[PDB]
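Taking it in order: structure first as structure tokens, then the write-up.
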Amino acid sequence: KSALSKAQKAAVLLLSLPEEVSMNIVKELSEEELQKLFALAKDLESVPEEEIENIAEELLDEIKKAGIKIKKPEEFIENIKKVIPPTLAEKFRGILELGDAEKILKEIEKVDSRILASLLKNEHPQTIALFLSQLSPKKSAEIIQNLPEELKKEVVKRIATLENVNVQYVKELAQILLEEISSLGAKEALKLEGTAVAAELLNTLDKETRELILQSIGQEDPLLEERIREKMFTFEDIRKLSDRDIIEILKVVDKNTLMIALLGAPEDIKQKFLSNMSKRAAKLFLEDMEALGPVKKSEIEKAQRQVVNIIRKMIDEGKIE
């Protein structure tokens, strides 16, 4: 297809070149010749857009070197892009893009028009018009009815003047509106510490059930399991432990770690540890606690979780709970 491709180039040139150049070509060519060139262009194979640009730029360089002046080279490239058809892949891409925009706007169509009107009313009138231009007439009518009066008139006037709309711009507008609705829903909802709620439930469940649930959660998501277990025994739960349990904890925990942990601890938990030490060890502990001076909250928190890590091993070994 070497002579066929040269003929195909001729066909594309005929249709793409400026009319000053190609009017003379048409006059010299017979009707049979012109029709052979038209049939060649019509029967062209489809070519990816990036490859049509390289073909266009080759052709442009080739005819400039052939001795033909091209005043509007970018208009020549676009004309070649009209002649050479697009591929099935490119047709599918456009279809998929259109389908995604449709899916997004269907989700918008489900949303109460009072909510859409409320989210749209402080937007620029041209933005509201561009958005409403893509909705069903009854949706856009419902939204318009829930807008202020002078905005009803201005949005409809701007819709009236539209000659074009960029689909991707409106799609993006719609997705930001869906995220804003999702964000308002979170603000409308009661905040809930799910890891804590799950922890209480598990602590109420018997060990057989509790441990089998957690193990399965850990296999799929080991980070979530751990965040749940952190809530199952907290520093405040030291109150639940016996004096016997505290003695065993005092045998293992570092003094400095315990001192620091107790700086941000309630008074009854302080006394829970202090009452299980000796008179002199307790007295010296309180004295050294004042000796520390200003300690960061992040460090008090760290020492508290360290005591809890130690306490977990007691639950896994000695201390009943």
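What is reported rests on the model, the rules as stated and the sources as named; these are not laboratory values. Neighbour counts run over all protein chains shown; Cβ positions are idealised from the backbone, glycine included.
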**Item:** Set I176, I159, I144, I181: member being of a type outside the set (S, T, Y), exposed (fewer than 12 other Cβ atoms within 10 Å of the Cβ) and in a helix (DSSP H, G or I)
**Value:** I176
**Fill in**
When restricted to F273, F285, the only residue touching a helix residue (DSSP H, G or I) at 6+ places or on another chain (Cβ under 9 Å), more than 17 Å from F235 (Cβ to Cβ), part of a helix (DSSP H, G or I) and in contact (Cβ under 8 Å) with a residue 12 or more places away in the chain is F285
**Number of the condition not met by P86 [criteria: (1) under 17 Å from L13 (Cβ atoms); (2) in a loop (DSSP other than H, G, I, E, B)]** = (1)
**Message:** Criterion first (more than 26 Å from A196 (Cβ to Cβ) and either in the same structural domain as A198 (by CATH) or loosely packed, with under 11 Cβ neighbours inside 10 Å (or both)) does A281 satisfy it?
**Reply:** no
**Message:** Being under 20 Å from the mean Cα position of the chain (by Cα) and either of a type in the set (G, A, S) or surrounded by 14 or more Cβ atoms within 10 Å (Cβ to Cβ) (or both) narrows it down to one residue among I115, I104, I84, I70; which is it?
**Reply:** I104
**Message:** What's the total number of residues in the stretch 195-220 that are within 33 Å of the chain's Cα centre (by Cα) and either assigned to a loop (DSSP other than H, G, I, E, B) or basic (K, R) (or both)?
**Reply:** 0
**Prompt:** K81: in a helix (DSSP H, G or I) and in contact with an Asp or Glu (Cβ under 8 Å, 6 or more places away or on another chain), yes or no?
**Reply:** yes
**Request:** For the stretch 221-235, indicate whether the set of residues that are in a helix (DSSP H, G or I), among the hydrophobic types (A, V, I, L, M, F, W, C), under 25 Å from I260 (Cα atoms) and more than 29 Å from the chain's Cα centre (by Cα) is non-empty.
**Result:** yes
**Request:** Can you run down the residue pairs with Cβ atoms below 6 Å, 6 or more apart or on separate chains, where the first is in the stretch 7-31 and outside the structural domain of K72 (by CATH) and closer than 16 Å to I52 by Cα and the partner is of a type outside the set (S, T, Y) and surrounded by 15 or more Cβ atoms within 10 Å (Cβ to Cβ)?
**Result:** none
**Complete:** Restricting the stretch 252-278 to residues that are among the polar types (S, T, N, Q) and within 18 Å of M314 (Cα to Cα), the one surrounded by the fewest Cβ atoms within 10 Å (Cβ to Cβ) turns out to be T257
**Asked** When the stretch 237-251 is examined, which residues are found to be surrounded by fewer than 13 Cβ atoms within 10 Å (Cβ to Cβ) and within 47 Å of the chain's Cα centre (by Cα)?
**Response** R239, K240
